[PDB]
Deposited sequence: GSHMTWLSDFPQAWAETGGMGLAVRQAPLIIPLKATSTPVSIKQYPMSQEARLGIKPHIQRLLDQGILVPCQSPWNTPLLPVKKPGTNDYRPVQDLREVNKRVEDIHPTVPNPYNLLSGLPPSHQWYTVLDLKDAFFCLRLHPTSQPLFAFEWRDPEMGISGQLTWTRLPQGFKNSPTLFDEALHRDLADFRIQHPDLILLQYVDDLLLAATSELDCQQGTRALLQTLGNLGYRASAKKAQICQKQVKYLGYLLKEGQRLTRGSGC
């Protein structure tokens, strides 16, 4: 009943997330930056047809909305022999002011894992970035032209490929789990963007903790993949390392 007991925590049975606690972000520009409008490349009818179902959803979910901006970047058809929209935000990235990296690199992250905690739970957050709202004055930065034969659509949430997206989500989630960290000082919580690791002393403290977290997460607005989940094992796969009794 791991799934039944926490409906709002899993993407499979929680719909879509929304970090309600987090104010919509602004994307500060470089003092030199001016809009760039890149024309849309043509696109096979098949490609454009495989991309419509995504543009349709995110439009109903209010993640995409129409707009009218001087910023415009191209959209892409990419093949898993299926299609999925991919925006080319490289020219926008060049113009966005950089932020200080806070995401610790995986090695130093795992350093702070006491060997005493041998009961692991691993969760990846589903559509992590969309959980973070964009402030309207920043939304025009990622507009893109769309048409199924027109005009511009942009994002209302932190988008795929925005160079600062992983750092910003990290700062957001660390903020939002600050409480949890305090409510459960016997547990060890590891944070790398969207991938989490919870380690405990006993299989008791692990399950009880995995519930406290899965509840904390659903309420706060994020969603985890019930598929790729790994609940209360002594052996889990976190950020490419294998964890078997404290090794790797």
{"property": "Chain regions without C-alpha coordinates, deposited sequence numbering", "result": "1 to 4, 84 to 86, 157 to 160, 260 to 266"}
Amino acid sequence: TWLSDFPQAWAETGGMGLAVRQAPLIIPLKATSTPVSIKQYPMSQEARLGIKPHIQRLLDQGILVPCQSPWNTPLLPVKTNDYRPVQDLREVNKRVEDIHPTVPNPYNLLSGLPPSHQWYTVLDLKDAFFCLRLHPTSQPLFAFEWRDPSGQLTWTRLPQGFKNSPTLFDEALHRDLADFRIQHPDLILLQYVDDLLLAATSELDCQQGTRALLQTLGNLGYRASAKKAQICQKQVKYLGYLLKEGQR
From here on, numbers count along this sequence of modelled residues.
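Each form is matched to the other, and the largest set of C-alpha atoms that superpose within 1.5 Å is called the rigid core.
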item: Of 214 to 222 and 41 to 49, which departs more from this form in 6 other deposited structures of this protein by CA RMS after core fitting; value: 41 to 49
item: Larger mean CA deviation from the shown form in 6 other deposited structures of this protein [core fit; 107 to 115 vs 159 to 167]; value: 107 to 115
item: At least a third of other PDB entries omit residue 135; value: no
item: Other entries omitting residue 78, at least a third; value: yes
item: Selected stretch [higher average CA B-factor]: 216 to 224 or 200 to 208; value: 200 to 208
item: Which of 157 to 165 and 113 to 121 has higher mean CA B factor, as the PDB entry lists it; value: 113 to 121
item: Criterion, highest CA B-factor; candidates, 175, 95, 79, 126; value: 79
item: Which of 104, 140, 74, 149 ranks first by CA B-factor in the deposited coordinates; value: 149
item: Third of the chain's Cα B-factor distribution that residue 193 belongs to, per the entry; value: lowest
item: Chain-wide C-alpha B factor ranking for residue 30, given as lowest, middle or highest third; value: lowest
item: Chain thirds of CA B-factor: placement of residue 37; value: lowest
item: Third assignment of residue 22 from its chain's C-alpha B-factors; value: middle
item: Residue 49 - Cα temperature factor, lowest/middle/highest third of chain; value: highest
